[PDB]
Amino acid sequence: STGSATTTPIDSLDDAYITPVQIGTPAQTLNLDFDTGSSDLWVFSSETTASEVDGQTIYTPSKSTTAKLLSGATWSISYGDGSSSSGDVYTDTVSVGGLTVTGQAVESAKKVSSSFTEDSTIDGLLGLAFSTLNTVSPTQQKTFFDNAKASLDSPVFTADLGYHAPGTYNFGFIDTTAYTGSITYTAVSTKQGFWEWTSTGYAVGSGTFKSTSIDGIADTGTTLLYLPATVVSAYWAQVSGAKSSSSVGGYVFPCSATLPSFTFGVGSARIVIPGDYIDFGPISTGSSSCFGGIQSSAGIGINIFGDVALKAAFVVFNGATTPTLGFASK
(Lines give C-alpha, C1' and ligand atoms only; values in the text may rest on other atoms or scores of the structure.)
Protein backbone atom coordinates (compact mmCIF):
# COMPACT_ATOMS: atom_id res chain seq x y z
CA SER A 1 0.00 0.00 0.00
CA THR A 2 0.91 3.67 -0.20
CA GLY A 3 -0.43 7.03 0.97
CA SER A 4 0.03 10.60 -0.23
CA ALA A 5 -1.19 13.74 1.55
CA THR A 6 -0.67 17.44 1.00
CA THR A 7 0.88 19.41 3.85
CA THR A 8 0.12 23.14 4.13
CA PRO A 9 1.86 25.95 6.02
CA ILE A 10 -0.24 27.27 8.93
CA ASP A 11 0.71 30.91 8.28
CA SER A 12 2.70 33.22 5.99
CA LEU A 13 5.98 32.40 7.77
CA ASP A 14 5.83 28.59 7.47
CA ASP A 15 5.81 28.36 11.28
CA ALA A 16 4.49 24.79 10.98
CA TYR A 17 2.70 22.56 8.49
CA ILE A 18 -0.64 20.78 8.81
CA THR A 19 -1.77 17.61 7.08
CA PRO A 20 -5.35 16.30 7.08
CA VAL A 21 -5.83 12.97 8.88
CA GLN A 22 -8.99 10.83 8.97
CA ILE A 23 -9.76 9.33 12.41
CA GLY A 24 -12.62 7.01 13.26
CA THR A 25 -15.80 5.76 11.64
CA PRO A 26 -17.37 7.77 10.10
CA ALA A 27 -14.18 9.71 9.46
CA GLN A 28 -13.40 12.76 11.59
CA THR A 29 -10.80 14.82 9.73
CA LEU A 30 -8.30 16.69 11.90
CA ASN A 31 -5.34 18.76 10.71
CA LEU A 32 -2.25 17.39 12.41
CA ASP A 33 1.36 18.56 12.67
CA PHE A 34 3.50 15.70 11.35
CA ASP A 35 6.52 15.64 13.65
CA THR A 36 9.59 13.51 12.90
CA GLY A 37 10.97 14.63 16.28
CA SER A 38 8.35 12.91 18.45
CA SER A 39 6.39 9.66 18.59
CA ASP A 40 2.88 10.36 19.92
CA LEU A 41 -0.27 10.81 17.81
CA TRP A 42 -2.37 13.09 20.01
CA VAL A 43 -5.46 15.15 19.31
CA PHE A 44 -7.69 17.83 20.69
CA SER A 45 -10.84 15.99 21.73
CA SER A 46 -14.23 16.06 23.40
CA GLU A 47 -12.24 15.31 26.58
CA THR A 48 -10.01 18.40 26.36
CA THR A 49 -10.60 20.95 29.15
CA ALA A 50 -13.08 23.36 27.57
CA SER A 51 -11.16 26.53 28.43
CA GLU A 52 -8.12 25.09 26.63
CA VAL A 53 -9.93 24.66 23.29
CA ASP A 54 -10.03 27.77 21.06
CA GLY A 55 -11.01 27.03 17.47
CA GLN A 56 -9.44 23.59 16.99
CA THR A 57 -11.35 20.72 15.47
CA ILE A 58 -11.86 17.97 18.06
CA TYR A 59 -11.97 14.18 17.90
CA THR A 60 -15.07 12.78 19.64
CA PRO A 61 -14.44 9.08 20.27
CA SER A 62 -18.05 8.42 21.36
CA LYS A 63 -19.11 9.23 17.77
CA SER A 64 -16.71 6.68 16.24
CA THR A 65 -18.01 3.13 15.98
CA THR A 66 -14.44 1.82 15.76
CA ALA A 67 -13.05 3.70 18.79
CA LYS A 68 -12.10 1.64 21.83
CA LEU A 69 -10.76 2.97 25.12
CA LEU A 70 -7.30 1.56 25.79
CA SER A 71 -7.97 0.66 29.38
CA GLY A 72 -5.67 2.19 31.96
CA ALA A 73 -3.47 3.94 29.41
CA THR A 74 -2.35 7.54 29.88
CA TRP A 75 0.16 9.80 28.16
CA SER A 76 2.03 13.00 28.92
CA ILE A 77 4.55 14.80 26.74
CA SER A 78 6.75 17.86 26.95
CA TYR A 79 8.33 19.33 23.83
CA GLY A 80 11.59 21.21 23.30
CA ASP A 81 9.77 24.53 23.00
CA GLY A 82 8.34 24.15 26.51
CA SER A 83 4.84 23.17 25.39
CA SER A 84 3.05 20.07 26.72
CA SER A 85 -0.12 17.98 26.67
CA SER A 86 -1.54 14.87 28.38
CA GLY A 87 -4.57 12.61 28.51
CA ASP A 88 -5.91 9.11 27.92
CA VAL A 89 -5.85 6.76 24.93
CA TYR A 90 -8.16 5.17 22.39
CA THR A 91 -7.43 2.84 19.53
CA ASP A 92 -9.18 3.67 16.27
CA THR A 93 -8.81 3.61 12.50
CA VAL A 94 -6.49 6.31 11.15
CA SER A 95 -5.95 7.14 7.49
CA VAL A 96 -3.44 9.49 5.88
CA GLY A 97 -3.68 10.22 2.19
CA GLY A 98 -5.44 6.92 1.47
CA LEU A 99 -3.22 4.75 3.70
CA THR A 100 -5.20 3.14 6.53
CA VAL A 101 -4.04 1.74 9.88
CA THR A 102 -6.51 -0.07 12.10
CA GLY A 103 -5.95 -0.16 15.86
CA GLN A 104 -3.80 2.98 15.91
CA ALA A 105 -3.27 4.55 19.33
CA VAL A 106 -5.01 7.93 19.27
CA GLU A 107 -4.00 9.89 22.34
CA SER A 108 -6.87 12.08 23.47
CA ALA A 109 -5.85 15.29 25.23
CA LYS A 110 -7.42 16.13 28.57
CA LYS A 111 -4.98 19.04 29.02
CA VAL A 112 -2.88 21.11 26.62
CA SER A 113 -0.50 24.00 27.34
CA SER A 114 -1.24 27.56 26.32
CA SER A 115 0.76 27.52 23.08
CA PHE A 116 -1.44 24.72 21.74
CA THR A 117 -4.66 26.46 22.80
CA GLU A 118 -3.47 29.68 21.16
CA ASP A 119 -2.84 28.01 17.80
CA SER A 120 -6.27 27.39 16.30
CA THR A 121 -4.82 25.79 13.14
CA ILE A 122 -3.20 22.71 14.75
CA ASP A 123 -5.61 19.99 15.93
CA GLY A 124 -2.84 17.73 17.28
CA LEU A 125 0.46 16.05 16.40
CA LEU A 126 1.31 12.90 14.46
CA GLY A 127 4.69 11.63 15.62
CA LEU A 128 7.07 10.07 13.11
CA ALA A 129 10.21 9.53 15.23
CA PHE A 130 10.97 6.05 16.60
CA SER A 131 8.37 4.34 18.77
CA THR A 132 10.84 4.06 21.64
CA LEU A 133 9.97 7.71 22.42
CA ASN A 134 6.21 7.11 22.65
CA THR A 135 4.94 8.29 26.04
CA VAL A 136 1.94 6.00 26.57
CA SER A 137 2.02 4.24 29.94
CA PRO A 138 2.01 1.49 31.10
CA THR A 139 2.11 -0.04 27.60
CA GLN A 140 4.10 1.99 25.05
CA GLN A 141 2.38 2.37 21.68
CA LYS A 142 3.60 2.40 18.07
CA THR A 143 3.63 5.32 15.66
CA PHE A 144 1.43 5.45 12.59
CA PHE A 145 4.47 4.72 10.41
CA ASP A 146 5.56 1.79 12.57
CA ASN A 147 2.05 0.29 12.36
CA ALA A 148 1.84 0.84 8.58
CA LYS A 149 5.36 -0.23 7.70
CA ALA A 150 4.86 -3.92 6.97
CA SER A 151 1.97 -3.13 4.60
CA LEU A 152 3.80 -0.44 2.65
CA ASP A 153 5.25 -1.14 -0.79
CA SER A 154 8.60 0.10 0.62
CA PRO A 155 9.25 0.86 4.33
CA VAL A 156 9.74 4.60 3.82
CA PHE A 157 8.07 7.96 4.08
CA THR A 158 9.12 11.21 2.45
CA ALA A 159 8.83 14.86 3.45
CA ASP A 160 8.63 17.47 0.69
CA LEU A 161 7.88 20.71 2.51
CA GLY A 162 7.18 23.88 0.54
CA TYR A 163 8.55 27.37 1.00
CA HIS A 164 5.49 29.58 1.48
CA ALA A 165 3.54 26.88 -0.40
CA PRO A 166 1.98 23.45 0.10
CA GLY A 167 4.06 20.28 -0.08
CA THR A 168 3.65 16.53 0.33
CA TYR A 169 4.09 13.63 2.73
CA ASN A 170 4.24 10.27 0.94
CA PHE A 171 4.19 6.84 2.59
CA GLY A 172 5.52 3.68 0.98
CA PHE A 173 7.09 5.06 -2.20
CA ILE A 174 9.61 7.57 -3.52
CA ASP A 175 8.19 9.98 -6.11
CA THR A 176 11.07 10.21 -8.58
CA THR A 177 9.46 13.29 -10.20
CA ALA A 178 9.63 15.29 -6.96
CA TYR A 179 13.37 16.02 -6.88
CA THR A 180 16.31 16.86 -9.11
CA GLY A 181 19.53 14.89 -9.44
CA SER A 182 20.08 11.97 -7.09
CA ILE A 183 19.16 11.20 -3.49
CA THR A 184 22.19 10.97 -1.20
CA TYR A 185 21.68 8.58 1.69
CA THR A 186 23.41 8.96 5.04
CA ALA A 187 23.62 6.91 8.25
CA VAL A 188 21.13 7.27 11.11
CA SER A 189 21.56 6.63 14.83
CA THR A 190 18.34 5.65 16.58
CA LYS A 191 19.97 5.65 20.04
CA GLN A 192 18.08 8.76 21.19
CA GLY A 193 14.87 7.81 19.33
CA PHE A 194 15.36 10.45 16.63
CA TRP A 195 16.26 10.51 12.95
CA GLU A 196 19.78 11.51 13.99
CA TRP A 197 22.51 11.91 11.37
CA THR A 198 25.81 13.72 10.77
CA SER A 199 26.11 16.53 8.26
CA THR A 200 29.51 16.85 6.60
CA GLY A 201 29.76 20.64 6.85
CA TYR A 202 28.47 23.99 5.69
CA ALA A 203 28.99 27.12 3.62
CA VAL A 204 27.64 30.66 3.99
CA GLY A 205 26.52 32.32 0.77
CA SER A 206 29.13 31.95 -1.96
CA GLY A 207 31.82 31.18 0.62
CA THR A 208 34.04 28.13 0.75
CA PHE A 209 32.66 24.91 2.19
CA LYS A 210 33.86 24.06 5.71
CA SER A 211 34.22 20.32 6.22
CA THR A 212 33.13 19.55 9.76
CA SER A 213 30.88 16.91 11.32
CA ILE A 214 27.58 18.25 12.66
CA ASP A 215 25.41 15.66 14.45
CA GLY A 216 21.75 16.61 14.50
CA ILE A 217 18.16 15.47 13.99
CA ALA A 218 15.83 15.74 11.00
CA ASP A 219 12.81 17.29 12.71
CA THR A 220 9.76 18.38 10.71
CA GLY A 221 8.11 19.57 13.93
CA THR A 222 10.72 22.27 14.62
CA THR A 223 10.41 25.49 12.60
CA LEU A 224 14.02 26.70 12.52
CA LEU A 225 17.56 25.43 11.91
CA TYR A 226 19.50 25.13 15.20
CA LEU A 227 23.26 24.67 14.82
CA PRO A 228 26.43 25.14 16.91
CA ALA A 229 27.19 28.69 17.99
CA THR A 230 30.36 28.83 15.89
CA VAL A 231 28.42 28.01 12.69
CA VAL A 232 25.58 30.40 13.51
CA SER A 233 27.99 33.26 14.29
CA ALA A 234 29.74 32.69 10.95
CA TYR A 235 26.40 32.95 9.14
CA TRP A 236 25.13 36.12 10.83
CA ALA A 237 28.51 37.85 10.53
CA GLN A 238 27.70 38.09 6.80
CA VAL A 239 24.55 40.17 7.48
CA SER A 240 25.20 43.85 8.25
CA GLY A 241 23.60 44.84 11.53
CA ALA A 242 22.69 41.29 12.63
CA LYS A 243 23.15 40.55 16.32
CA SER A 244 22.16 38.09 18.99
CA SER A 245 19.52 39.60 21.23
CA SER A 246 19.02 38.06 24.67
CA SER A 247 15.79 40.04 25.09
CA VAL A 248 14.28 38.71 21.86
CA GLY A 249 15.77 35.23 22.28
CA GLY A 250 18.12 34.84 19.34
CA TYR A 251 19.67 36.42 16.30
CA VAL A 252 17.82 39.33 14.74
CA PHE A 253 18.68 41.31 11.65
CA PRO A 254 17.55 44.48 9.88
CA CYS A 255 14.46 43.75 7.83
CA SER A 256 16.09 45.75 4.99
CA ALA A 257 18.82 43.09 4.61
CA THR A 258 19.25 40.65 1.78
CA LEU A 259 20.14 37.33 3.47
CA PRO A 260 22.84 35.01 2.12
CA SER A 261 22.10 31.36 1.44
CA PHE A 262 23.27 28.58 3.75
CA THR A 263 24.56 25.26 2.44
CA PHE A 264 24.74 22.03 4.43
CA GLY A 265 26.53 18.83 3.48
CA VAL A 266 25.01 15.38 3.11
CA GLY A 267 27.97 13.13 2.41
CA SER A 268 29.59 14.63 -0.69
CA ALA A 269 26.29 16.28 -1.70
CA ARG A 270 25.16 19.80 -0.84
CA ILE A 271 21.73 21.23 0.01
CA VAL A 272 21.35 24.98 -0.49
CA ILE A 273 18.91 26.91 1.69
CA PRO A 274 18.07 30.19 -0.10
CA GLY A 275 18.48 33.34 1.97
CA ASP A 276 14.76 34.13 1.88
CA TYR A 277 14.04 30.84 3.72
CA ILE A 278 15.96 32.26 6.70
CA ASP A 279 13.69 35.34 7.10
CA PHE A 280 11.05 34.96 9.84
CA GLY A 281 9.83 38.52 9.65
CA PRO A 282 9.38 41.33 12.15
CA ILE A 283 9.96 40.42 15.79
CA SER A 284 6.69 42.22 16.61
CA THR A 285 4.13 43.79 14.33
CA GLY A 286 5.54 46.87 12.59
CA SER A 287 9.13 46.37 13.77
CA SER A 288 12.07 46.78 11.39
CA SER A 289 14.00 44.10 13.31
CA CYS A 290 13.47 40.66 11.79
CA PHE A 291 13.92 37.25 13.41
CA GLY A 292 16.49 34.87 11.97
CA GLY A 293 15.78 31.34 10.81
CA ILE A 294 19.21 29.98 11.80
CA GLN A 295 19.74 30.03 15.56
CA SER A 296 22.18 28.57 18.07
CA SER A 297 21.57 25.11 19.51
CA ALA A 298 23.75 25.92 22.53
CA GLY A 299 21.80 24.86 25.58
CA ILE A 300 19.33 22.75 23.58
CA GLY A 301 21.80 19.90 23.81
CA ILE A 302 21.23 18.82 20.21
CA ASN A 303 21.42 20.32 16.72
CA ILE A 304 18.10 20.42 14.89
CA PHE A 305 17.60 20.36 11.13
CA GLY A 306 14.09 21.80 11.30
CA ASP A 307 11.79 23.05 8.58
CA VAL A 308 14.15 25.82 7.40
CA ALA A 309 16.62 23.12 6.34
CA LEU A 310 14.25 20.32 5.38
CA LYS A 311 12.07 22.46 3.09
CA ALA A 312 15.12 23.05 0.86
CA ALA A 313 15.22 19.28 0.16
CA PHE A 314 13.28 16.19 -0.74
CA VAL A 315 13.83 14.03 2.35
CA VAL A 316 13.56 10.25 2.59
CA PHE A 317 12.97 8.71 6.01
CA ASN A 318 14.01 5.12 5.30
CA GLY A 319 12.61 2.76 7.93
CA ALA A 320 14.34 -0.37 6.70
CA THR A 321 15.86 -2.73 9.30
CA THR A 322 18.82 -0.35 9.45
CA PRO A 323 17.24 3.08 9.02
CA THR A 324 18.86 5.78 6.88
CA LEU A 325 18.04 9.31 5.68
CA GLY A 326 18.12 10.51 2.09
CA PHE A 327 18.35 14.09 0.83
CA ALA A 328 17.93 15.44 -2.71
CA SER A 329 17.76 18.94 -4.11
CA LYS A 330 14.44 19.91 -5.73
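Per the deposition metadata, X-ray crystallography was the technique used to determine this entry, at a resolution of 1.1790 Å.

Peer 1: Any chance you could explain the sheet that holds strand 12 (residues 196-204) here in plain terms?
Peer 2: One key point about sheets: their strands pair by backbone hydrogen bonds, in either a parallel or an antiparallel sense. Read across the sheet, seven strands follow the order 18-17-12-13-22-14-21 without closing on themselves; strand pairing throughout is mixed. Of all strands in the sheet, those bounded by a partner on one side alone are strand 18 (269-273) and strand 21 (294-296). Sheet twist, expressed as the average angle between the axes of neighbouring strands with direction ignored, equals 45°. Alignment of strand 12 against strand 13 (residues 210-218), held across six bridges, turns out to be antiparallel. When the bridges of strand 13 are listed, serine 199 appears paired with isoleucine 214.

Peer 1: Is there a simple way to explain the state of the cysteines in this structure?
Peer 2: Here is the idea: a disulfide is a covalent bond, and it sits between the sulfur atoms of two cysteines. Under the criterion given, the structure shown has one disulfide. Here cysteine 255 engages in a disulfide with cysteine 290; their sulfurs sit 2.0 Å apart. Across the S-S bond of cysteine 255 and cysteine 290 the torsion is about 110°, and the bridge reads as right-handed. Residue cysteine 255 is located in the loop between strand 16 (250-254) and strand 17 (262-266), and its partner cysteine 290 is located in strand 20 (residues 289-292); the two are separated by 35 residues in the primary sequence. Owing to a relative accessible area of 30%, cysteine 255 belongs among the partly exposed residues under this scheme.

Peer 1: Sorry, what's going on with the UniProt feature "active site" in the protein chain here?
Peer 2: Mapped onto this structure's residue numbering, the UniProt feature "active site" falls at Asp35 and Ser199. If you trace the backbone, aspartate 35 turns up in strand 3 (residues 28-35). Each residue touching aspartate 35, except ones within four places of it in the same chain, is listed here: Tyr79, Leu125, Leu126, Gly127, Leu128, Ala129, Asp219, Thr220 and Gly221. A distance of 2.9 Å separates the side chain of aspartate 35 from the backbone nitrogen of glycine 37, its partner in a polar contact. Mapped onto the elements of the fold, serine 199 is located in strand 12. A relative accessible area of 1% means that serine 199 is categorised as buried. From its side chain, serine 199 meets the backbone oxygen of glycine 201 in a polar contact 3.4 Å long.

Peer 1: I tried to follow the pairing of strand 3 on my own but got confused; where do I start?
Peer 2: In the case of a regular strand, side chains alternate between the two sheet surfaces. Among the eight residues in strand 3, six count as buried, and that is most of the element. Both strand 2 (residues 17-23) and strand 3 contribute to a ladder of five bridges, which runs antiparallel. Its bridge partner lying in strand 3, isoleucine 23 is registered against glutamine 28. Where strand 3 meets strand 8 (residues 124-127), three bridges bridge the pair, whose relative direction is parallel. From the neighbouring strand, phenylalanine 34 faces strand 8, where its bridge partner is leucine 126.

Peer 1: Got a minute to help me understand the packing of aromatic side chains in this structure?
Peer 2: Geometry of an aromatic ring pair is reported as the spacing of the ring centres plus the angle between the planes. All told, the structure shown has 26 aromatic pairs when counted by the stated rule. On the numbers, 4.6 Å between centres and 40° between planes, the contact of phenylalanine 130 with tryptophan 195 is tilted. With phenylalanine 130 in the loop between strand 8 and helix 2 (144-148) and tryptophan 195 in the loop between strand 11 (184-187) and strand 12, the pair connects residues that are 65 residues apart, well separated along the chain. Per residue, the accessibility class of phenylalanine 130 equals that of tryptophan 195, and both read buried.

Peer 1: Honestly, the UniProt feature "disulfide bond" in the protein chain in this entry has me stumped. Any pointers?
Peer 2: At 2.0 Å, the distance between the sulfur atoms of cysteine 255 and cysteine 290 falls under 2.5 Å, matching the disulfide given in UniProt. Judged by relative accessible area, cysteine 290 falls into the buried class, the value being 3%.

The rules behind each value
- Residues numbered from 1 in each chain as written, not as in the entry; some residues may be left out.
- Heavy atoms only, no water.
- Residues with missing side-chain atoms left out of burial classes, pairs and counts.
- Pairing = 2+ DSSP bridges.
- Helix = DSSP H or I, 4+ residues; strand = E, 2+ residues; numbered from the N terminus.
- Axes fitted to C-alpha atoms, helices over the stretch in contact; angles between N-to-C directions.
- Disulfide = S-S within 2.5 Å.
- Buried < 20%, exposed > 50% of the residue type's maximum accessible area, 1.4 Å probe, protein only.
- UniProt positions renumbered as here; feature names shortened; annotations may be inferred.
- Contact = heavy atoms within 4.5 Å.
- Polar contact = N/O pair within 3.5 Å; in protein donor to acceptor, adjacent residues only side chain to side chain.
- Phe/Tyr/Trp six-rings, centres within 6.5 Å; stacked < 30°, edge-to-face > 60°.

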